[PDB]
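Engineer: Just structure24.pdb, nothing more (PDB, C-alpha atoms):
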```pdb
MODEL        1
ATOM      1  CA  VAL P   1     -66.011  16.824-162.549  1.00  0.00           C
ATOM      2  CA  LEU P   2     -64.824  14.161-160.134  1.00  0.00           C
ATOM      3  CA  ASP P   3     -61.044  14.562-160.234  1.00  0.00           C
ATOM      4  CA  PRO P   4     -59.240  12.004-158.046  1.00  0.00           C
ATOM      5  CA  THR P   5     -56.244  14.191-157.257  1.00  0.00           C
ATOM      6  CA  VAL P   6     -58.293  15.700-154.438  1.00  0.00           C
ATOM      7  CA  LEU P   7     -58.743  12.489-152.470  1.00  0.00           C
ATOM      8  CA  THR P   8     -55.195  11.353-153.253  1.00  0.00           C
ATOM      9  CA  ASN P   9     -53.588  14.665-152.299  1.00  0.00           C
ATOM     10  CA  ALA P  10     -55.194  14.563-148.850  1.00  0.00           C
ATOM     11  CA  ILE P  11     -54.094  11.024-147.985  1.00  0.00           C
ATOM     12  CA  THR P  12     -50.566  11.370-149.355  1.00  0.00           C
ATOM     13  CA  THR P  13     -49.686  14.182-146.953  1.00  0.00           C
ATOM     14  CA  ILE P  14     -50.527  12.369-143.746  1.00  0.00           C
ATOM     15  CA  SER P  15     -47.185  11.526-142.174  1.00  0.00           C
ATOM     16  CA  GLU P  16     -46.464   7.938-141.165  1.00  0.00           C
ATOM     17  CA  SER P  17     -43.245   6.221-140.172  1.00  0.00           C
ATOM     18  CA  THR P  18     -41.586   4.204-142.916  1.00  0.00           C
ATOM     19  CA  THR P  19     -40.138   1.706-140.444  1.00  0.00           C
ATOM     20  CA  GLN P  20     -43.466  -0.042-139.941  1.00  0.00           C
ATOM     21  CA  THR P  21     -43.982  -3.156-142.034  1.00  0.00           C
ATOM     22  CA  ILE P  22     -47.711  -2.774-142.703  1.00  0.00           C
ATOM     23  CA  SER P  23     -48.219   0.780-143.898  1.00  0.00           C
ATOM     24  CA  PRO P  24     -51.815   2.017-143.594  1.00  0.00           C
ATOM     25  CA  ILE P  25     -51.428   4.653-146.315  1.00  0.00           C
ATOM     26  CA  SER P  26     -50.264   2.269-149.028  1.00  0.00           C
ATOM     27  CA  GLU P  27     -53.172  -0.104-148.380  1.00  0.00           C
ATOM     28  CA  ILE P  28     -55.992   2.321-149.146  1.00  0.00           C
ATOM     29  CA  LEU P  29     -53.961   3.841-151.980  1.00  0.00           C
ATOM     30  CA  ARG P  30     -53.947   0.322-153.413  1.00  0.00           C
ATOM     31  CA  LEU P  31     -57.653  -0.023-152.633  1.00  0.00           C
ATOM     32  CA  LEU P  32     -59.270   2.741-154.663  1.00  0.00           C
ATOM     33  CA  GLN P  33     -56.691   4.239-157.006  1.00  0.00           C
ATOM     34  CA  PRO P  34     -56.261   1.627-159.599  1.00  0.00           C
ATOM     35  CA  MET P  35     -58.967   3.165-161.782  1.00  0.00           C
ATOM     36  CA  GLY P  36     -61.496   1.575-164.115  1.00  0.00           C
ATOM     37  CA  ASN P  37     -63.644   3.868-166.239  1.00  0.00           C
ATOM     38  CA  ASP P  38     -62.633   7.028-164.370  1.00  0.00           C
ATOM     39  CA  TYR P  39     -65.143   6.267-161.597  1.00  0.00           C
ATOM     40  CA  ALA P  40     -68.270   6.044-163.775  1.00  0.00           C
ATOM     41  CA  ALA P  41     -70.075   3.628-161.452  1.00  0.00           C
ATOM     42  CA  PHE P  42     -71.290   6.622-159.511  1.00  0.00           C
ATOM     43  CA  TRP P  43     -73.104   7.828-162.639  1.00  0.00           C
ATOM     44  CA  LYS P  44     -74.694   4.442-163.085  1.00  0.00           C
ATOM     45  CA  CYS P  45     -75.972   4.481-159.521  1.00  0.00           C
ATOM     46  CA  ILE P  46     -77.350   7.947-160.007  1.00  0.00           C
ATOM     47  CA  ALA P  47     -78.784   6.985-163.353  1.00  0.00           C
ATOM     48  CA  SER P  48     -80.523   3.993-161.869  1.00  0.00           C
ATOM     49  CA  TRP P  49     -82.256   5.746-159.016  1.00  0.00           C
TER      50      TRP P  49
ATOM     51  CA  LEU C   1     -47.841  -8.336-151.169  1.00  0.00           C
ATOM     52  CA  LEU C   2     -46.248  -5.489-149.240  1.00  0.00           C
ATOM     53  CA  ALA C   3     -43.581  -6.448-146.767  1.00  0.00           C
ATOM     54  CA  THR C   4     -39.984  -5.652-146.118  1.00  0.00           C
ATOM     55  CA  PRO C   5     -38.309  -8.017-148.489  1.00  0.00           C
ATOM     56  CA  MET C   6     -36.621  -9.985-145.761  1.00  0.00           C
ATOM     57  CA  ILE C   7     -40.119 -10.584-144.318  1.00  0.00           C
ATOM     58  CA  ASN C   8     -41.734 -11.236-147.690  1.00  0.00           C
ATOM     59  CA  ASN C   9     -39.000 -13.713-148.533  1.00  0.00           C
ATOM     60  CA  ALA C  10     -39.702 -15.501-145.223  1.00  0.00           C
ATOM     61  CA  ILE C  11     -43.346 -15.979-146.232  1.00  0.00           C
ATOM     62  CA  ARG C  12     -42.312 -17.832-149.365  1.00  0.00           C
ATOM     63  CA  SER C  13     -40.311 -20.261-147.347  1.00  0.00           C
ATOM     64  CA  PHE C  14     -43.299 -21.014-145.185  1.00  0.00           C
ATOM     65  CA  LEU C  15     -45.832 -20.980-147.946  1.00  0.00           C
ATOM     66  CA  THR C  16     -44.104 -23.345-150.339  1.00  0.00           C
ATOM     67  CA  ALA C  17     -42.821 -25.756-147.762  1.00  0.00           C
ATOM     68  CA  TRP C  18     -46.505 -26.428-147.152  1.00  0.00           C
ATOM     69  CA  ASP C  19     -47.092 -26.755-150.894  1.00  0.00           C
ATOM     70  CA  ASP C  20     -45.671 -30.282-150.629  1.00  0.00           C
ATOM     71  CA  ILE C  21     -48.742 -31.071-148.559  1.00  0.00           C
ATOM     72  CA  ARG C  22     -50.686 -30.467-151.771  1.00  0.00           C
ATOM     73  CA  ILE C  23     -48.597 -32.894-153.842  1.00  0.00           C
ATOM     74  CA  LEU C  24     -49.814 -35.568-151.460  1.00  0.00           C
ATOM     75  CA  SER C  25     -53.016 -33.824-150.373  1.00  0.00           C
ATOM     76  CA  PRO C  26     -56.435 -35.427-150.599  1.00  0.00           C
ATOM     77  CA  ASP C  27     -55.714 -38.546-152.612  1.00  0.00           C
ATOM     78  CA  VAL C  28     -57.102 -38.570-156.137  1.00  0.00           C
ATOM     79  CA  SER C  29     -57.727 -42.327-155.648  1.00  0.00           C
ATOM     80  CA  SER C  30     -61.439 -41.795-155.053  1.00  0.00           C
ATOM     81  CA  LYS C  31     -62.163 -44.377-157.730  1.00  0.00           C
ATOM     82  CA  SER C  32     -59.309 -46.441-156.292  1.00  0.00           C
ATOM     83  CA  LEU C  33     -60.806 -46.010-152.833  1.00  0.00           C
ATOM     84  CA  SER C  34     -62.933 -48.895-154.075  1.00  0.00           C
ATOM     85  CA  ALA C  35     -59.673 -50.554-155.133  1.00  0.00           C
ATOM     86  CA  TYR C  36     -58.570 -50.168-151.539  1.00  0.00           C
ATOM     87  CA  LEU C  37     -61.902 -51.803-150.752  1.00  0.00           C
ATOM     88  CA  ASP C  38     -61.290 -54.431-153.441  1.00  0.00           C
ATOM     89  CA  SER C  39     -58.142 -55.675-151.697  1.00  0.00           C
ATOM     90  CA  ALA C  40     -60.150 -57.095-148.793  1.00  0.00           C
ATOM     91  CA  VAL C  41     -62.654 -59.025-150.925  1.00  0.00           C
ATOM     92  CA  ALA C  42     -60.383 -61.826-152.138  1.00  0.00           C
ATOM     93  CA  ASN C  43     -59.728 -63.106-148.600  1.00  0.00           C
ATOM     94  CA  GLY C  44     -63.389 -63.923-148.284  1.00  0.00           C
ATOM     95  CA  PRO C  45     -64.192 -67.573-147.678  1.00  0.00           C
ATOM     96  CA  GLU C  46     -66.444 -69.579-149.965  1.00  0.00           C
ATOM     97  CA  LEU C  47     -69.483 -70.261-147.811  1.00  0.00           C
ATOM     98  CA  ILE C  48     -71.502 -71.567-150.753  1.00  0.00           C
ATOM     99  CA  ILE C  49     -70.548 -74.868-152.311  1.00  0.00           C
TER     100      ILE C  49
ENDMDL
END
```
Represent the structure contained in this file as structure tokens.
Structural biologist:
Amino acid sequence: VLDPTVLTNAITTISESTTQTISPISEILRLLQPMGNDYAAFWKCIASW
Amino acid sequence: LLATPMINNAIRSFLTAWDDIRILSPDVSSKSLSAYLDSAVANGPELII
């Protein structure tokens, strides 16, 4: 059961300064977390093999 | 689009101000490029009488 509060909960507790303009936590949290189909691509890849 | 608002606001000033390059960008007178070419034809002499 791939639950994405395990990846998110590890990145969200790295400490970064808020005074920086470009924030390297908010970029990757924008990168993966909008979610389409609860990450079912992985099943398709596995199914295809 | 993540930036301190003062910085993000600054980008808009730069980005749009160069949008007026695109109002007079590549000229759509590609058919009238020949009409630029047609302006030089009428000052041709009549060699053939």
Engineer: Work out how far apart atom CA of residue P:23 and atom CA of residue C:18 are and give it in Å to one decimal.
Structural biologist: 27.5 Å
Engineer: Rank P:22, P:3, P:13, P:32 by their smallest atom-to-atom distance to residue C:1, using all atoms listed in the file, and report the top residue only.
Structural biologist: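 Result for the nearest residue to residue C:1: P:22.
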Engineer: What residues come out when you apply the PyMOL selection byres ((chain P) within 10 of (chain C)) to this file, written as JSON, numbers by chain?
Structural biologist: {"P": [19, 20, 21, 22, 23, 26, 27]}
Engineer: What does the structure give for the distance between atom CA of residue P:44 and atom CA of residue P:4, in Å to one decimal?
Structural biologist: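 Distance reported for this atom pair: 17.9 Å.
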Engineer: Taking into account only C-alpha atoms, which residue in the set P:47, P:7, P:41, P:1 is nearest to residue P:29?
Structural biologist: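 Distance minimum relative to residue P:29 lands on P:7.
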Engineer: Rounded to one decimal, what separation in Å do you get between atom CA of residue C:31 and atom CA of residue C:47?
Structural biologist: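 Atom CA of residue C:31 sits 28.7 Å away from atom CA of residue C:47.
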Engineer: Could you write out as AutoDock Vina command-line options the box around stretch 24-43 of chain C (axis-aligned, all atoms listed in the file, 3 Å on each side), with centre and edge lengths in Å to one decimal?
Structural biologist:
```
--center_x -56.4 --center_y -48.5 --center_z -153.2 --size_x 19.1 --size_y 35.3 --size_z 15.1
```
